[PDB]
Amino acid sequence: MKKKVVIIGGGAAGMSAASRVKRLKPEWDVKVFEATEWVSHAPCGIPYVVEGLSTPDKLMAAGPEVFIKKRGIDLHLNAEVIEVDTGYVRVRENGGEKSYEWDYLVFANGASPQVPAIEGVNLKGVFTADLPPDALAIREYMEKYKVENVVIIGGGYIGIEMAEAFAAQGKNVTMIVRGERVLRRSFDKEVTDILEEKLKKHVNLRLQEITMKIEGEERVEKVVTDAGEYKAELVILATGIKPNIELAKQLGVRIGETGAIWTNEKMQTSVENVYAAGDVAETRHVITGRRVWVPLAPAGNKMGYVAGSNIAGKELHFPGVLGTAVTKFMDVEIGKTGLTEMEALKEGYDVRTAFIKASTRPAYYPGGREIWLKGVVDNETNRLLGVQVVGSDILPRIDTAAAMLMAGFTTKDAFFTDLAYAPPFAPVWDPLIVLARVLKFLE
Amino acid sequence: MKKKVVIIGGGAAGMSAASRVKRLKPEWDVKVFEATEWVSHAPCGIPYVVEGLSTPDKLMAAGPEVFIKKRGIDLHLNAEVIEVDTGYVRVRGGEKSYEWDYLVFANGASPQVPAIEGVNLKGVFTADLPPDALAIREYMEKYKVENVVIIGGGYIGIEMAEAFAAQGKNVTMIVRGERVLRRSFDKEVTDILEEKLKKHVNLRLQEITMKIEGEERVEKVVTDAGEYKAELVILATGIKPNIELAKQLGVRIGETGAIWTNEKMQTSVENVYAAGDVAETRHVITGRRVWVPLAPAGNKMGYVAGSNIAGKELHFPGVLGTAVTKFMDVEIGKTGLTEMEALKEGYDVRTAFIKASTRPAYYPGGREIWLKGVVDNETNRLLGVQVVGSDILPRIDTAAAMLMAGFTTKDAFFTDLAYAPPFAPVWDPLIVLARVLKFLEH
Ligand SMILES: Cc1cc2nc3c(=O)[nH]c(=O)nc-3n(C[C@H](O)[C@H](O)[C@H](O)COP(=O)(O)OP(=O)(O)OC[C@H]3O[C@@H](n4cnc5c(N)ncnc54)[C@H](O)[C@@H]3O)c2cc1C
Ligand SMILES: Cc1cc2nc3c(=O)[nH]c(=O)nc-3n(C[C@H](O)[C@H](O)[C@H](O)COP(=O)(O)OP(=O)(O)OC[C@H]3O[C@@H](n4cnc5c(N)ncnc54)[C@H](O)[C@@H]3O)c2cc1C
Ligand SMILES: CC(C)(COP(=O)(O)OP(=O)(O)OC[C@H]1O[C@@H](n2cnc3c(N)ncnc32)[C@H](O)[C@@H]1OP(=O)(O)O)[C@@H](O)C(=O)NCCC(=O)NCCS
Ligand SMILES: CC(C)(COP(=O)(O)OP(=O)(O)OC[C@H]1O[C@@H](n2cnc3c(N)ncnc32)[C@H](O)[C@@H]1OP(=O)(O)O)[C@@H](O)C(=O)NCCC(=O)NCCS
């Protein structure tokens, strides 16, 4: 008969799972509790609302009424799950604080930014960019106060996307990076260097620097590091994120080695009838089989879909991820899929690599631009372990490579794949195919 | 020890194979005979040189000296192979014979000549090799051309129409069929390109051209429907493989009309290979033999043939029929089988046709993109994908990989495809397509 399903969080994962369950079991009572006023939202668009490319209401996919009226999901907004135990959840709503039973539970509860323990992080003008309310706050601050110098702490992709959003508004932007290069955790050097030459020109890039303090009157005026000081009337916090596991721990939910919630292929946790999905959830790597945490949106959506399916008695397996990701600074596109040279080495693979430059068009169609590719290959199988791409028109290479990795293509398999050619689209030898030829499969 | 290798034709296929052989066997005598002055040339760029996007010398990649001096290939330009027999080739001024131990037909395909009167008037052109682009340019400089007429609704017709429309000319398209590209795509896909095409070109469907009229020069085109003022005509009513020399050697011709080959690109005659637009190949999905005269396949075939000639065994799996082109801002392409082709092949099929956007609603510049999918009901495998609108390349190339590997609808759904707001919407259109199908179980 009928069950009560409860879902914690109204991001991509939560809504994916709610939609899916209700879709499969219309007669079921599917409740969602979302702490904010925002549902079906894209934190991925925050830099572009901040940059001013978009109005803040566009961050919402559909109307909460679509979920409630049209799809029949008992959506509670401004509802924080504060306690959780086996079969129960405790929630605060009208002010008021009330308990609800559940037969199935989903943690779709995301991840929030790491708070670096330096003094003055709580000044007015210090911001983290994680949910849509952050975009509103940043906009209202800049309207109330004249912000001219901005300082970004962190060289991850969020740092970079945020830097772009302020540089594009004519601001003086300074980036503080602990590492020897940007994005050093997720990409190899010869790839990140290409984005850096560009970044360095539009941003004061400060490598190998540890921020000690944020100083300021009623709110932020300066940032002090182990090297120098930097004028700043706005600070963007983005020094990594961590999964929101505190409620899970209350239920004794197994936490994976990554820090995120352990799941299997069906997105089940260690606790029966309890699932986890999205940025909170640890998953599987398609190439290594190791468990890994990749808090991105497409995976998050799929996990939600998968969890819902299984909750509703329709067995379905998530194979895992490839770590596929893309972003851009100005006209410089950057992305990967599969393992970097570093990751593959860490995993004990016997690897060979290649790094090549090519063009996006033939020399007889104009507008051809530079594109660079790095490939990583297991010497014992000739299989592609990963691909990194930087320059322009990278998406078809990344998406195509991703398919290839899903299927375990070799260098020879890639070479003979029937990829498309017309002069307006690409050069006669696709850059991905050139890469494949470079390595040259053998034995 | 050393062998004499001879290669007929200096297009993509010929040069691919010559480079490859010489690369593997530097001590071998590798001769190429190319009828024109052009080597390593791209007929694919002719519309854009005609449109004026490019100067005509950019149709050649590296100088002929790169091949001769730098790579050591005995390249003969302005050399037509006129006769061929077992072990010999006859070439032309001057006419002399050369021995061969291995032979490659890299000999392309030339346009079908429709047998209507006046096709040989000044101003009537075919667009197949680079000299054609030069001829078309010099004609337009010498004579004022204002009305252009294109015969044929294939991709060449369409690319040529764009090249004349973009120059402000009055362009009229005569098409025998009920729609453009009707041979290679389904209706609900071609219709999207047509709504656009119809606005910048006088599109005349279901019309058979009877006559080209003129004095010394073309002035008009007459069809079964009306007449059309015209000072320049493009004929693009299909192409056919150049097999006449092959027949002289008794080379097996496939059911398609092109030269039969196997995976190693060998013909029915020992030590004789074929590569490129002249060659019939294999279909990766159906296993049927098929002719797809396109450039990437042509290059690969050349590479494969060379490898095997030089004692390094290598197999070409075949093609998917992947292809893309564009009219103005309307991109069009496919990979794998259309609904029509799949039905012709006896598959039990289901399909889907969806519209999506290239960005999320919060990043601007999002445009419309439509996808058709064809799926075998007994395996859930993708048989083909068709795409029209904008930003189609990542869908087509990705789908192509998927077809190479035999992905199902579920395999596609769970593929880790990329997302950022500047690149695509949260649900990639390819993934939406896959979901639409829905993996069914017995
Ligand atoms: C600036 C930025 C840029 C990004 N860019 C990209 C990109 O380019 N590409 C990409 O693939 N991914 C990107 N991501 C990641 C992407 O936004 C997430 O992976 C995706 O939103 C995951 O959805 P989710 O539901 O798992 O978690 P989230 O979307 O983070 O949302 C979780 C929700 O749960 C709610 N919640 C938390 N605790 C409670 C509680 N106790 N009670 C009730 N509700 C609660 C929160 O209010 C929150 O709204 C980006 C993220 C950020 C912050
Ligand atoms: C207008 C047009 C647009 C195109 N657009 C696309 C596209 O968008 N995408 C795509 O993938 N493909 C396209 N193609 C196809 C592509 O150009 C060919 O597949 C490719 O050039 C094949 O190379 P090939 O050497 O096999 O044949 P070809 O390139 O035709 O070259 C064969 C050569 O052999 C020579 N030859 C012939 N007979 C003799 C003889 N007796 N002796 C000596 N030499 C001889 C010819 O002079 C010719 O140069 C297009 C073709 C045309 C004409
Ligand atoms: C949209 C959403 C809530 C997930 O719910 P969903 O209903 O599974 O997603 P969709 O709205 O695409 O799917 C609706 C249904 O219509 C179908 N559909 C029909 N025509 C379609 C078309 N032209 N395009 C897309 N989907 C179509 C879908 O395939 C799906 O099928 P189903 O009925 O078998 O489930 C979720 O993706 C979401 O929260 N999105 C916005 C926020 C976001 O993802 N941002 C994350 C961080 S950037
Ligand atoms: C170029 C052509 C002659 C084939 O020659 P090829 O040697 O097979 O291909 P390339 O010249 O690209 O390869 C040269 C070598 O350097 C390498 N290389 C080429 N470009 C490279 C790059 N950008 N970065 C790194 N390495 C590269 C290749 O891997 C190749 O390796 P090999 O030494 O193992 O052979 C053939 O493709 C051709 O005729 N092209 C012109 C025709 C055309 O483009 N269009 C035809 C119809 S539109």
# chains A, B, ... in the order shown; residues from 1 in each chain; ligands from 1
>>> residues_around(residues="region 422-424 of chain A", least_positions_apart="5", cutoff="10 Å", atoms="only C-alpha atoms", output="list in words")
residues 360, 361, 362, 363, 364, 365, 366, 367 and 368 of chain A; 42, 44, 45, 46, 47, 48, 294, 295, 296, 323, 324, 325, 326 and 331 of chain B
>>> write_last_selection(atoms="N, CA and C atoms", output="PDB file, in the first residue's frame")
ATOM      1  N   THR A 360      41.002  24.404 -34.484  1.00  0.00           N
ATOM      2  CA  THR A 360      39.589  24.067 -34.470  1.00  0.00           C
ATOM      3  C   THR A 360      38.935  24.073 -35.857  1.00  0.00           C
ATOM      4  N   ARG A 361      39.678  24.581 -36.845  1.00  0.00           N
ATOM      5  CA  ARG A 361      39.231  24.610 -38.234  1.00  0.00           C
ATOM      6  C   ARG A 361      40.421  24.294 -39.141  1.00  0.00           C
ATOM      7  N   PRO A 362      40.141  23.955 -40.406  1.00  0.00           N
ATOM      8  CA  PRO A 362      41.230  23.879 -41.376  1.00  0.00           C
ATOM      9  C   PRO A 362      41.680  25.288 -41.761  1.00  0.00           C
ATOM     10  N   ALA A 363      42.873  25.411 -42.343  1.00  0.00           N
ATOM     11  CA  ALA A 363      43.427  26.724 -42.703  1.00  0.00           C
ATOM     12  C   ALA A 363      42.665  27.459 -43.794  1.00  0.00           C
ATOM     13  N   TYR A 364      41.716  26.797 -44.454  1.00  0.00           N
ATOM     14  CA  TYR A 364      40.924  27.416 -45.535  1.00  0.00           C
ATOM     15  C   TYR A 364      39.524  27.866 -45.094  1.00  0.00           C
ATOM     16  N   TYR A 365      39.088  27.465 -43.898  1.00  0.00           N
ATOM     17  CA  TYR A 365      37.936  28.132 -43.285  1.00  0.00           C
ATOM     18  C   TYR A 365      38.433  29.043 -42.173  1.00  0.00           C
ATOM     19  N   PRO A 366      37.989  30.324 -42.132  1.00  0.00           N
ATOM     20  CA  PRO A 366      38.598  31.259 -41.181  1.00  0.00           C
ATOM     21  C   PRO A 366      37.998  31.158 -39.791  1.00  0.00           C
ATOM     22  N   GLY A 367      38.672  31.779 -38.825  1.00  0.00           N
ATOM     23  CA  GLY A 367      38.257  31.758 -37.422  1.00  0.00           C
ATOM     24  C   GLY A 367      38.804  30.579 -36.647  1.00  0.00           C
ATOM     25  N   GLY A 368      39.685  29.808 -37.279  1.00  0.00           N
ATOM     26  CA  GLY A 368      40.362  28.707 -36.612  1.00  0.00           C
ATOM     27  C   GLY A 368      41.128  29.194 -35.404  1.00  0.00           C
TER      28      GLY A 368
ATOM     29  N   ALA B  42      41.367  19.904 -50.586  1.00  0.00           N
ATOM     30  CA  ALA B  42      40.066  19.750 -49.950  1.00  0.00           C
ATOM     31  C   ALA B  42      38.944  20.256 -50.853  1.00  0.00           C
ATOM     32  N   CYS B  44      36.070  19.804 -50.122  1.00  0.00           N
ATOM     33  CA  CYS B  44      35.101  20.240 -49.115  1.00  0.00           C
ATOM     34  C   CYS B  44      35.052  21.758 -48.892  1.00  0.00           C
ATOM     35  N   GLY B  45      36.145  22.447 -49.219  1.00  0.00           N
ATOM     36  CA  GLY B  45      36.221  23.894 -49.034  1.00  0.00           C
ATOM     37  C   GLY B  45      35.813  24.731 -50.235  1.00  0.00           C
ATOM     38  N   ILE B  46      35.434  24.084 -51.336  1.00  0.00           N
ATOM     39  CA  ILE B  46      35.120  24.802 -52.581  1.00  0.00           C
ATOM     40  C   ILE B  46      33.989  25.836 -52.408  1.00  0.00           C
ATOM     41  N   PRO B  47      32.862  25.451 -51.730  1.00  0.00           N
ATOM     42  CA  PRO B  47      31.807  26.431 -51.463  1.00  0.00           C
ATOM     43  C   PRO B  47      32.289  27.674 -50.737  1.00  0.00           C
ATOM     44  N   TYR B  48      33.278  27.537 -49.853  1.00  0.00           N
ATOM     45  CA  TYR B  48      33.700  28.670 -49.034  1.00  0.00           C
ATOM     46  C   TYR B  48      34.746  29.527 -49.739  1.00  0.00           C
ATOM     47  N   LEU B 294      33.063  10.224 -48.020  1.00  0.00           N
ATOM     48  CA  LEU B 294      33.424  11.367 -47.185  1.00  0.00           C
ATOM     49  C   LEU B 294      34.883  11.333 -46.835  1.00  0.00           C
ATOM     50  N   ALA B 295      35.354  12.462 -46.333  1.00  0.00           N
ATOM     51  CA  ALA B 295      36.777  12.739 -46.158  1.00  0.00           C
ATOM     52  C   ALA B 295      37.461  12.030 -44.979  1.00  0.00           C
ATOM     53  N   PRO B 296      36.834  12.009 -43.787  1.00  0.00           N
ATOM     54  CA  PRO B 296      37.505  11.318 -42.666  1.00  0.00           C
ATOM     55  C   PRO B 296      37.713   9.838 -42.921  1.00  0.00           C
ATOM     56  N   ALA B 323      27.859  12.510 -40.587  1.00  0.00           N
ATOM     57  CA  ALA B 323      28.002  13.644 -41.492  1.00  0.00           C
ATOM     58  C   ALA B 323      27.388  14.907 -40.913  1.00  0.00           C
ATOM     59  N   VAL B 324      27.987  16.059 -41.195  1.00  0.00           N
ATOM     60  CA  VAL B 324      27.434  17.341 -40.778  1.00  0.00           C
ATOM     61  C   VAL B 324      27.650  18.430 -41.802  1.00  0.00           C
ATOM     62  N   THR B 325      26.686  19.344 -41.870  1.00  0.00           N
ATOM     63  CA  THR B 325      26.806  20.522 -42.676  1.00  0.00           C
ATOM     64  C   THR B 325      25.908  21.606 -42.074  1.00  0.00           C
ATOM     65  N   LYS B 326      25.820  22.753 -42.747  1.00  0.00           N
ATOM     66  CA  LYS B 326      25.130  23.898 -42.222  1.00  0.00           C
ATOM     67  C   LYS B 326      24.604  24.730 -43.372  1.00  0.00           C
ATOM     68  N   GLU B 331      22.401  24.281 -38.341  1.00  0.00           N
ATOM     69  CA  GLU B 331      23.269  23.129 -38.395  1.00  0.00           C
ATOM     70  C   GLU B 331      22.446  21.847 -38.569  1.00  0.00           C
TER      71      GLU B 331
END
>>> residues_near_ligand(ligand="ligand 4", cutoff="6 Å", atoms="only C-alpha atoms and all ligand atoms", output="ChimeraX atom specification")
/A:356-358,428,434,437-438 /B:11-12,15-16,19,40-44,61,295,299
>>> residues_near_ligand(ligand="ligand 1", cutoff="6 Å", atoms="only C-alpha atoms and all ligand atoms", output="NGL selection string")
(:A and (8-14 or 33-36 or 42-44 or 46 or 79-82 or 108-111 or 129-130 or 158 or 278-280 or 295-298 or 300 or 327)) or (:B and (419-421))
>>> write_last_selection(atoms="C-alpha atoms", output="PDB file, in the first residue's frame")
ATOM      1  CA  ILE A   8      16.021  16.422   2.781  1.00  0.00           C
ATOM      2  CA  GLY A   9      17.055  19.245   0.433  1.00  0.00           C
ATOM      3  CA  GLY A  10      15.492  20.830  -2.642  1.00  0.00           C
ATOM      4  CA  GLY A  11      18.481  21.032  -4.967  1.00  0.00           C
ATOM      5  CA  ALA A  12      18.970  19.073  -8.193  1.00  0.00           C
ATOM      6  CA  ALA A  13      19.255  15.739  -6.366  1.00  0.00           C
ATOM      7  CA  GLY A  14      16.251  16.174  -4.087  1.00  0.00           C
ATOM      8  CA  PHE A  33      12.012  19.863   3.163  1.00  0.00           C
ATOM      9  CA  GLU A  34      14.164  22.654   1.794  1.00  0.00           C
ATOM     10  CA  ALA A  35      15.804  25.132   4.176  1.00  0.00           C
ATOM     11  CA  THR A  36      15.744  28.080   1.697  1.00  0.00           C
ATOM     12  CA  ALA A  42      21.256  26.104 -10.015  1.00  0.00           C
ATOM     13  CA  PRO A  43      24.137  27.172  -7.780  1.00  0.00           C
ATOM     14  CA  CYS A  44      26.168  26.739 -10.996  1.00  0.00           C
ATOM     15  CA  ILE A  46      25.623  32.186  -9.321  1.00  0.00           C
ATOM     16  CA  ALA A  79      11.947  24.154   6.422  1.00  0.00           C
ATOM     17  CA  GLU A  80      15.145  23.024   8.114  1.00  0.00           C
ATOM     18  CA  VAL A  81      15.533  19.407   9.172  1.00  0.00           C
ATOM     19  CA  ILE A  82      17.186  19.860  12.581  1.00  0.00           C
ATOM     20  CA  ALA A 108      19.860  15.316  -0.878  1.00  0.00           C
ATOM     21  CA  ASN A 109      21.474  17.748   1.280  1.00  0.00           C
ATOM     22  CA  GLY A 110      24.389  19.071  -0.664  1.00  0.00           C
ATOM     23  CA  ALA A 111      27.751  20.406   0.402  1.00  0.00           C
ATOM     24  CA  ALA A 129      29.134  31.512  -3.182  1.00  0.00           C
ATOM     25  CA  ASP A 130      27.198  28.278  -2.656  1.00  0.00           C
ATOM     26  CA  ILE A 158      34.623  28.534  -8.199  1.00  0.00           C
ATOM     27  CA  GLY A 278      23.820  14.681  -5.107  1.00  0.00           C
ATOM     28  CA  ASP A 279      26.684  16.732  -3.711  1.00  0.00           C
ATOM     29  CA  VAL A 280      26.338  15.022  -0.320  1.00  0.00           C
ATOM     30  CA  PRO A 295      30.000  16.973  -6.296  1.00  0.00           C
ATOM     31  CA  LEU A 296      28.699  17.997  -9.741  1.00  0.00           C
ATOM     32  CA  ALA A 297      25.249  18.585 -11.132  1.00  0.00           C
ATOM     33  CA  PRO A 298      24.714  15.963 -13.883  1.00  0.00           C
ATOM     34  CA  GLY A 300      23.664  14.711  -8.815  1.00  0.00           C
ATOM     35  CA  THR A 327      34.504  25.551 -17.212  1.00  0.00           C
TER      36      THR A 327
ATOM     37  CA  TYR B 419      27.869  20.412 -17.662  1.00  0.00           C
ATOM     38  CA  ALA B 420      28.631  24.037 -17.047  1.00  0.00           C
ATOM     39  CA  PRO B 421      26.217  26.891 -17.741  1.00  0.00           C
TER      40      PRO B 421
END
>>> residues_around(residues="region 431-433 of chain A", least_positions_apart="6", cutoff="9 Å", atoms="only C-alpha atoms", output="PyMOL selection string")
chain A and resi 356-360+371-373+397-398+400-401+411+414-417+419
>>> write_last_selection(atoms="C-alpha atoms", output="PDB file, in the first residue's frame")
ATOM      1  CA  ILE A 356      49.531  18.297 -28.560  1.00  0.00           C
ATOM      2  CA  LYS A 357      48.351  21.565 -30.048  1.00  0.00           C
ATOM      3  CA  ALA A 358      45.907  21.668 -32.931  1.00  0.00           C
ATOM      4  CA  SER A 359      43.394  23.996 -34.575  1.00  0.00           C
ATOM      5  CA  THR A 360      39.589  24.067 -34.470  1.00  0.00           C
ATOM      6  CA  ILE A 371      43.244  23.913 -28.966  1.00  0.00           C
ATOM      7  CA  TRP A 372      45.555  21.745 -26.818  1.00  0.00           C
ATOM      8  CA  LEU A 373      44.927  18.125 -25.692  1.00  0.00           C
ATOM      9  CA  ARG A 397      36.188  16.477 -27.535  1.00  0.00           C
ATOM     10  CA  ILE A 398      35.316  16.143 -23.866  1.00  0.00           C
ATOM     11  CA  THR A 400      33.118  12.312 -27.023  1.00  0.00           C
ATOM     12  CA  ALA A 401      36.088  11.199 -24.896  1.00  0.00           C
ATOM     13  CA  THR A 411      43.741   4.303 -28.709  1.00  0.00           C
ATOM     14  CA  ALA A 414      39.287   6.023 -30.828  1.00  0.00           C
ATOM     15  CA  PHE A 415      41.347   6.478 -34.005  1.00  0.00           C
ATOM     16  CA  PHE A 416      38.807   4.559 -36.130  1.00  0.00           C
ATOM     17  CA  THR A 417      35.693   6.085 -34.598  1.00  0.00           C
ATOM     18  CA  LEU A 419      33.783  11.382 -36.096  1.00  0.00           C
TER      19      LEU A 419
END
>>> residues_near_ligand(ligand="ligand 3", cutoff="9 Å", atoms="only C-alpha atoms and all ligand atoms", output="count of residues only")
56
>>> residues_around(residues="residue 126 (chain B)", least_positions_apart="5", cutoff="7 Å", atoms="only C-alpha atoms", output="JSON, numbers by chain")
{"B": [132, 234, 235, 236]}
>>> write_last_selection(atoms="N, CA and C atoms", output="short mmCIF file (atom, residue, chain, number, x, y, z; two decimals), in the first residue's frame")
data_model
loop_
_atom_site.label_atom_id
_atom_site.label_comp_id
_atom_site.auth_asym_id
_atom_site.auth_seq_id
_atom_site.Cartn_x
_atom_site.Cartn_y
_atom_site.Cartn_z
N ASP B 132 37.61 23.76 -60.34
CA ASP B 132 36.23 24.22 -60.47
C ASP B 132 35.99 25.55 -59.75
N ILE B 234 24.87 25.63 -61.24
CA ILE B 234 25.61 24.59 -60.56
C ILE B 234 24.85 23.30 -60.72
N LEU B 235 25.56 22.26 -61.13
CA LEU B 235 24.99 20.94 -61.23
C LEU B 235 25.51 20.21 -60.00
N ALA B 236 24.57 19.69 -59.27
CA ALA B 236 24.99 18.89 -58.06
C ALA B 236 23.93 17.92 -57.85
#
>>> select_by_dssp(residues="region 159-380 of chain A", states="strand (DSSP E)", output="PyMOL selection string")
chain A and resi 172-177+204-207+211-216+220-225+229-231+234-237+241-243+274-276+283-284+291-292+325-329+332-338+351-359+370-378
>>> closest_residue(among="B:282, B:300, B:198, B:22", to="ligand 2", atoms="only C-alpha atoms and all ligand atoms")
B:300
>>> select_by_dssp(residues="region 286-388 of chain B", states="helix (DSSP H, G or I)", output="list in words")
residues 295, 296, 297, 298, 299, 300, 301, 302, 303, 304, 305, 306, 307, 308, 309, 339, 340, 341, 342, 343 and 344 of chain B
>>> residues_around(residues="region 395-402 of chain B", least_positions_apart="6", cutoff="10 Å", atoms="only C-alpha atoms", output="PyMOL selection string")
(chain A and resi 395-407+409+413-414+416-421) or (chain B and resi 319-324+332-336+371+381-387+408-409+411-412+415+417+428-431)
>>> decode(residues="region 283-332 of chain B", atoms="C-alpha atoms", output="PDB file, in the first residue's frame")
ATOM      1  CA  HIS B 283      28.629  -0.365 -42.163  1.00  0.00           C
ATOM      2  CA  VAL B 284      29.499  -0.635 -38.433  1.00  0.00           C
ATOM      3  CA  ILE B 285      25.857  -1.219 -37.371  1.00  0.00           C
ATOM      4  CA  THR B 286      24.369  -3.287 -40.224  1.00  0.00           C
ATOM      5  CA  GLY B 287      27.517  -5.003 -41.477  1.00  0.00           C
ATOM      6  CA  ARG B 288      26.158  -4.394 -44.963  1.00  0.00           C
ATOM      7  CA  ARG B 289      28.498  -3.039 -47.564  1.00  0.00           C
ATOM      8  CA  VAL B 290      27.896   0.615 -48.268  1.00  0.00           C
ATOM      9  CA  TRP B 291      29.354   3.615 -50.069  1.00  0.00           C
ATOM     10  CA  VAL B 292      29.893   6.836 -48.086  1.00  0.00           C
ATOM     11  CA  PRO B 293      32.284   9.068 -50.016  1.00  0.00           C
ATOM     12  CA  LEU B 294      33.424  11.367 -47.185  1.00  0.00           C
ATOM     13  CA  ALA B 295      36.777  12.739 -46.158  1.00  0.00           C
ATOM     14  CA  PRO B 296      37.505  11.318 -42.666  1.00  0.00           C
ATOM     15  CA  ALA B 297      36.774   7.781 -43.808  1.00  0.00           C
ATOM     16  CA  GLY B 298      38.775   8.460 -46.975  1.00  0.00           C
ATOM     17  CA  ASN B 299      41.769   9.496 -44.908  1.00  0.00           C
ATOM     18  CA  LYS B 300      41.542   6.491 -42.617  1.00  0.00           C
ATOM     19  CA  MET B 301      41.159   4.080 -45.537  1.00  0.00           C
ATOM     20  CA  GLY B 302      44.334   5.552 -47.041  1.00  0.00           C
ATOM     21  CA  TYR B 303      46.141   5.093 -43.761  1.00  0.00           C
ATOM     22  CA  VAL B 304      44.869   1.517 -43.440  1.00  0.00           C
ATOM     23  CA  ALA B 305      45.801   0.554 -47.013  1.00  0.00           C
ATOM     24  CA  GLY B 306      49.316   1.910 -46.596  1.00  0.00           C
ATOM     25  CA  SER B 307      49.795  -0.013 -43.339  1.00  0.00           C
ATOM     26  CA  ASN B 308      48.844  -3.334 -44.864  1.00  0.00           C
ATOM     27  CA  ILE B 309      50.881  -2.746 -48.045  1.00  0.00           C
ATOM     28  CA  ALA B 310      53.867  -2.232 -45.722  1.00  0.00           C
ATOM     29  CA  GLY B 311      53.283  -5.499 -43.826  1.00  0.00           C
ATOM     30  CA  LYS B 312      51.682  -3.971 -40.727  1.00  0.00           C
ATOM     31  CA  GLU B 313      48.249  -5.562 -40.480  1.00  0.00           C
ATOM     32  CA  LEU B 314      45.441  -3.147 -39.640  1.00  0.00           C
ATOM     33  CA  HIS B 315      41.637  -3.296 -39.910  1.00  0.00           C
ATOM     34  CA  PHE B 316      39.148  -0.549 -40.778  1.00  0.00           C
ATOM     35  CA  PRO B 317      35.909  -1.414 -38.927  1.00  0.00           C
ATOM     36  CA  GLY B 318      33.834   0.649 -41.373  1.00  0.00           C
ATOM     37  CA  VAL B 319      31.628   3.726 -41.018  1.00  0.00           C
ATOM     38  CA  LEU B 320      28.541   5.012 -39.228  1.00  0.00           C
ATOM     39  CA  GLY B 321      27.535   7.429 -41.964  1.00  0.00           C
ATOM     40  CA  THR B 322      28.347  10.320 -39.668  1.00  0.00           C
ATOM     41  CA  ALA B 323      28.002  13.644 -41.492  1.00  0.00           C
ATOM     42  CA  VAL B 324      27.434  17.341 -40.778  1.00  0.00           C
ATOM     43  CA  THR B 325      26.806  20.522 -42.676  1.00  0.00           C
ATOM     44  CA  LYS B 326      25.130  23.898 -42.222  1.00  0.00           C
ATOM     45  CA  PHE B 327      22.954  26.356 -44.057  1.00  0.00           C
ATOM     46  CA  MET B 328      23.498  29.832 -42.579  1.00  0.00           C
ATOM     47  CA  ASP B 329      22.816  29.489 -38.820  1.00  0.00           C
ATOM     48  CA  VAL B 330      21.058  26.112 -39.186  1.00  0.00           C
ATOM     49  CA  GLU B 331      23.269  23.129 -38.395  1.00  0.00           C
ATOM     50  CA  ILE B 332      22.271  19.674 -39.659  1.00  0.00           C
TER      51      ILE B 332
END
